[PDB]
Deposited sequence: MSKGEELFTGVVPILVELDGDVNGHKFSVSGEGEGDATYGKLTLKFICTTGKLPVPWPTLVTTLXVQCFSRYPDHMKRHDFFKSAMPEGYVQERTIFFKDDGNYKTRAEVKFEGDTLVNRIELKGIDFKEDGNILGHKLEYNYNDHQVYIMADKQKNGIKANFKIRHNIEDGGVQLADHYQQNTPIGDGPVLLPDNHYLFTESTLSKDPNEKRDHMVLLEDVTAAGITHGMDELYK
């Protein structure tokens, strides 16, 4: 059981090294997760100065193993079943009429802490577009993730569309393609099709002088 490792509160560390149009940056994050209640509380900082993209565009990249799977759904929790060795999480995120992100992450236990270590590569962005121009509202519209098994990679796949509010009206689409594959060689729970539903709240810490984002999330799976 990898589920056992998530019975209480788990400390979380998130580390991202990024390059978007050659603009290098790093994000460091910390918080905790409670999969019994499906809750995450995290704070991220840009360790290199001003984040050169908007914070909301990184929410998806910055630990679906903390989803609350209800009792009748435990057998479909691929994420936890891969712990502690972890899983690799890869995405291409296409920003409509703009560039795309390519992310590759290891999600795994380092001793006591659940870690999410990410490499991100962004290309083909417009310098004065919504992303590199910072024209997105500091808020979030979540969207359901339809999890499918990817039996050839012994993991899962998903394709979901995120809508980012544009300053002064407008919606910027972020088309997410995702595949996960286990880091370990142990057996894994390959799920029937289901959804992950999450709700994200972005806020700020008044005392924090670095470019940062405070993130709270509720997350739950749901069958059929």
Next item on the list: Point out each run of deposited residues with no C-alpha coordinates, keeping the order of the sequence.
Entry: 1-2, 65, 228-236
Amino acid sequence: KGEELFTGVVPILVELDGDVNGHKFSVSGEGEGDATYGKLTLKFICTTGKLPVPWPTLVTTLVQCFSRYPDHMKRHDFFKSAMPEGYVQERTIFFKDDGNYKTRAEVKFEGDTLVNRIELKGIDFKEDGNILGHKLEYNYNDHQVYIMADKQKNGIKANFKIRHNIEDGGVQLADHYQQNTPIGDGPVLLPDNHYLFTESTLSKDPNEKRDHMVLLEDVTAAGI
From here on, numbers count along this sequence of modelled residues.
Item checked: Stretch with the greater mean C-alpha B-factor as recorded in the entry, comparing 151-159 against 28-36 -> 151-159
Check: With respect to the recorded C-alpha B factors, which stretch has the higher mean value, 110-118 or 70-78?
Finding: 70-78
Next item on the list: Comparing against every modelled residue in the chain, figure out the third that the C-alpha B-factor of residue 213 lands in (lowest, middle or highest).
Entry: middle
Check: Which third of the chain does residue 205 land in by C-alpha B-factor: lowest, middle or highest?
Finding: highest
Next item on the list: Ordered by C-alpha B-factor within the chain, which third holds residue 42? Give me lowest, middle or highest, please.
Entry: lowest
Notebook entry, point to check: Going by what the PDB entry lists, where does residue 134 fall on CA B-factor within its chain: lowest, middle or highest third?
Noted result: middle
Margin query: Could you place residue 188 in the lowest, middle or highest third of its chain by Cα temperature factor, using the values in the record?
Written below: highest
